[PDB]
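Undergrad: below you'll find the sequence and an experimental structure to go with it.
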Amino acid sequence: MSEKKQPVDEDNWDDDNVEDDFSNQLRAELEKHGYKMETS
Amino acid sequence: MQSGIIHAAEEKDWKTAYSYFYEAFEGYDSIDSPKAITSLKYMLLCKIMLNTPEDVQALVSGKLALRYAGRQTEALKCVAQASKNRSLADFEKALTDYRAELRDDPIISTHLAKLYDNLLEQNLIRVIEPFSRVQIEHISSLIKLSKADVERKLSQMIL
Amino acid sequence: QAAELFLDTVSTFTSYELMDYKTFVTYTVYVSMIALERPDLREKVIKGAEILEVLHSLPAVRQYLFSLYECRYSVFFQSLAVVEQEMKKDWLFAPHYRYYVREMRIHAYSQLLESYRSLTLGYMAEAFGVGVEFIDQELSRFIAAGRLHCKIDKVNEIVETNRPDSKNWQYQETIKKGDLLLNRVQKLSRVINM
Amino acid sequence: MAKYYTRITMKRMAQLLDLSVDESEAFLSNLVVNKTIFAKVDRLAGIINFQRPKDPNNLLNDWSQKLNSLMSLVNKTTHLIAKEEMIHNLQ
């Protein structure tokens, strides 16, 4: 009973959600975060 | 003595460890004068660790231990008195008074940890203080007054 | 799985893949603490006879392994940074370098929070890095992830606690298993029912 | 001290206990050494909440009230017939 109809319209995953969360972030790489505390 | 050190380290039995240390001190007497005091300190530590601090003073009083009696003997005596008094401050004062004796043995540090757990009943009365009269914190500033760094001993217990 | 299969610390022999038994230990301590609960960590690594000599050689590994158990939050955060550089440089540990550091940070944040229902962010700063804002931003992001099981507050500047699983999440635990369990029967009945 | 009262003042309870309020915590430590129980007192509000110590499920409270209220009702009905019979005695 294949629908068809709509064609017209870990190893590489699991961590993808975690990676997506800080993909924009982590520019500091943690070591800079420690340096920021040192300046504080 | 080595049988005593390994038996003492296991902590399963300290009574056997004392017996080996005394046998080592008895052998060390005369033949090895420097070695005997180290066994003497350990046999006294075993008595404090065995929860019978009163015997520590009696052993130093005995003629066999009189020859090596000294400041080292006094440090063990005050620590035994502190455990009998069940006062952490007394144990701390003894630790502060004799720095040299403190360096060799850290098992006494474990006894202070049992002593903070001994004051848990006072914390239960301090925790019971709201049931009675809550004052200051009842978990930190109130317990035994003292330092506010008492918190973290409770936190380590809470985990 | 590796932390469980690295139980053979006693007999690694001198495997060629291990640069040294010392390297195998550095990996086993690094891998185990991320996946090991505090009861296992004291029983297997903190009280581990063989591991203790090997950590005697490495001061940094000893301080990092000991600090989490000792609840020395300030020392471990600095030590974790040293671990990050080593993890990125290391082959076979670089791909998950980010996951390891953040997962450790989540585990660290859960440990101090478990003891106190109410924690001033100033207190967290004293325990960890001095800046209040940096602990706050990590707290918000981890809280958002569902990690850190707690609710933050502002102006009051106190972090509260979340409901216990036994207390009421037991109902949630039955429902979560139940939703998948019930969903299966709905699909199954139709196939025979036709 | 027990009693059925709820918001009686703890400072007043210390006065009733005939001990100084300033040393009351030590004086109430004597209650702790007696270890009679913990009926409950809220010092923060300075009130001894001496009504119930440690709340269990109130299963008996409904059961006992239901058993008694029903039993009183049959007892009322059983006595009711005799009195109704007495009016009928003159009727």
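TA: Nice, thanks for sending it over. Numbers count the residues shown, from 1 in each chain, chains lettered A, B, ... in the order given.

Undergrad: in which helix or strand does the spatially closest residue to residue C:82 that is not a sequence neighbour reside?
TA: Nearest non-adjacent residue to residue C:82, counting by Cβ to Cβ, 6 or more residues apart in numbering or on different chains: residue C:60, 5.6 Å away. The way it works is simple: take the backbone N, C-alpha and C, and place the C-beta from them, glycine included. According to DSSP states H and E, residue C:60 maps onto helix C:59-70.

Undergrad: other SSEs contacting that helix?
TA: helix C:21-35, helix C:49-57, helix C:73-89, helix C:97-115 (3 or more Cβ pairs under 8 Å, 6 or more residues apart in numbering or on different chains; DSSP states H and E).

Undergrad: what angle sits between that helix and helix C:73-89?
TA: 130 degrees (axes from the mean of the first three to the mean of the last three Cα atoms, to 10 degrees).

Undergrad: buried stuff in helix C:59-70?
TA: If you call a residue buried by 16 or more other Cβ atoms under 10 Å in any protein chain shown, then helix C:59-70 has these buried ones: C:61-69.

Undergrad: next one: stretch C:115-129
TA: C:115-116, C:119, C:121, C:123-125, C:127-129.

Undergrad: which one of these sits closest to chain A?
TA: residue C:129 (3.6 Å; Cβ to the nearest Cβ).

Undergrad: check contacts around that closest one.
TA: Residues in contact with residue C:129 (Cβ atoms under 8 Å, 6 or more residues apart in numbering or on different chains) are A:33-34, A:37, A:40, C:74, C:77, C:135.

Undergrad: residue C:7 - that's part of a strand, no?
TA: No - applying DSSP: H, G, I helix; E, B strand; the rest coil, one finds residue C:7 to be coil, outside a strand.

Undergrad: kindly provide the distance from it to chain B.
TA: Look at residue C:7 and chain B: by Cβ to the nearest Cβ, to the nearest Å, they are 23 Å apart.

Undergrad: need the contact list for the nearest residue to that residue once chain neighbours are set aside.
TA: Nearest non-adjacent residue to residue C:7, counting by Cβ to Cβ, 6+ apart: residue C:44, 7.7 Å away. Residue C:44 sits next to C:7, C:32, C:36 when contact means Cβ under 8 Å, 6+ apart.

Undergrad: wait, which of the helices and strands packed on helix C:59-70 is closest to residue C:166?
TA: Ranking the helices and strands packed on helix C:59-70 by their distance to residue C:166 (criterion: Cβ to Cβ) puts helix C:97-115 first, at 14.2 Å.

Undergrad: nearest to chain B, of the buried residues of helix C:59-70?
TA: residue C:69 (9.8 Å).

Undergrad: which non-adjacent residue is nearest the closest one?
TA: Per Cβ to Cβ, 6+ apart, closest to residue C:69 is residue C:46, 4.9 Å.

Undergrad: list the residues that contact that neighbour.
TA: Per Cβ under 8 Å, 6+ apart, neighbours of residue C:46: C:65-66, C:69.

Undergrad: circling back to that earlier point, and the gap between the residue nearest to residue C:7 and residue B:122?
TA: 34 Å (Cβ to Cβ, to the nearest Å).

Undergrad: would you confirm that residue B:111 contacts residue B:91?
TA: Yes - between residue B:111 and residue B:91 there is a contact at 7.0 Å, judged by Cβ atoms under 8 Å.

Undergrad: tell me, what's touching those two both at once?
TA: Common neighbours of residue B:111 and residue B:91 (Cβ under 8 Å, 6+ apart) are B:79, B:83.

Undergrad: what about those two, which has more around it?
TA: Neighbour count, other Cβ atoms under 10 Å in any protein chain shown: between residue B:111 and residue B:91, residue B:91 has more, with 24 against 20.

Undergrad: the more buried one - that's part of a helix, no?
TA: Yes - the assignment for residue B:91 is a helix, going by three-state DSSP.

Undergrad: and chain B, which of its residues are near chain D?
TA: B:125, B:128-135 (Cβ under 8 Å from any Cβ of the partner chain).

Undergrad: top of those residues by neighbour count?
TA: Neighbour max across the residues of chain B next to chain D (other Cβ under 10 Å) = residue B:132, 25 neighbours.

Undergrad: list the contacts for that one?
TA: Counting by Cβ under 8 Å, 6+ apart, residue B:132 has contacts B:125, D:24-25, D:28-29, D:31-32, D:41, D:43.

Undergrad: same thing but 10 Å
TA: Residues near residue B:132 by Cβ atoms under 10 Å, 6 or more residues apart in numbering or on different chains: B:125-126, B:138, D:10, D:14, D:24-32, D:38, D:41, D:43, D:48.

Undergrad: just give me how far stretch C:7-15 sits from the chain centre.
TA: 25 Å (Cα atoms, centre = their mean, to the nearest Å).

Undergrad: now the terminal residues of it, how far apart.
TA: Separation of the first and last residues of stretch C:7-15 by Cα to Cα, to the nearest Å is 15 Å.

Undergrad: in that stretch, which residues are buried?
TA: So for stretch C:7-15, counting by 16+ other Cβ under 10 Å, buried means C:9, C:12.

Undergrad: pick the one among the contacts of residue C:44 closest to residue C:51.
TA: residue C:32 (9.0 Å).

Undergrad: what's the closest non-adjacent residue to that closest one?
TA: Per Cβ to Cβ, 6+ apart, closest to residue C:32 is residue C:3, 4.2 Å.

Undergrad: quick check: phi and psi at the one you found.
TA: phi -60, psi -40 (degrees, to the nearest 10).

Undergrad: that one and residue C:9 touch, don't they?
TA: No - when contacts are counted by Cβ atoms under 10 Å, residue C:3 is not listed as touching residue C:9 (11.1 Å).

Undergrad: identify the contacts common to those two.
TA: Contacts common to residue C:3 and residue C:9, judged by Cβ under 10 Å, 6+ apart, are C:28-29, C:32, C:44-45.

Undergrad: ok, which pair from those residues is furthest apart?
TA: Farthest pair in the shared contacts of residue C:3 and residue C:9, by Cβ to Cβ: C:29 and C:44, 10.3 Å.

Undergrad: what residues are shared contacts of these two?
TA: Contacts common to residue C:29 and residue C:44, judged by Cβ under 10 Å, 6+ apart, are C:3, C:6, C:9, C:36, C:51.

Undergrad: so how far is residue C:43 from the second one?
TA: According to Cβ to Cβ, residue C:6 stands 15 Å off from residue C:43.

Undergrad: among those two, which residue is more densely surrounded?
TA: Neighbour count, other Cβ under 10 Å: between residue C:6 and residue C:43, residue C:6 has more, with 17 against 12.

Undergrad: right, and that one touches residue C:33 too?
TA: No - counting by Cβ under 10 Å, residue C:6 stays clear of residue C:33, with 11.8 Å between them.

Undergrad: chain B contacts on chain D?
TA: Residues of chain D lying close to chain B by Cβ under 10 Å from any Cβ of the partner chain are D:10-11, D:14, D:21, D:24-33, D:35, D:37-44, D:46, D:48-49, D:53.

Undergrad: from these, keep the buried residues only.
TA: Using 16+ other Cβ under 10 Å, the buried ones in those are D:10, D:14, D:21, D:24-25, D:27-29, D:31-32, D:39-41, D:43, D:48-49.
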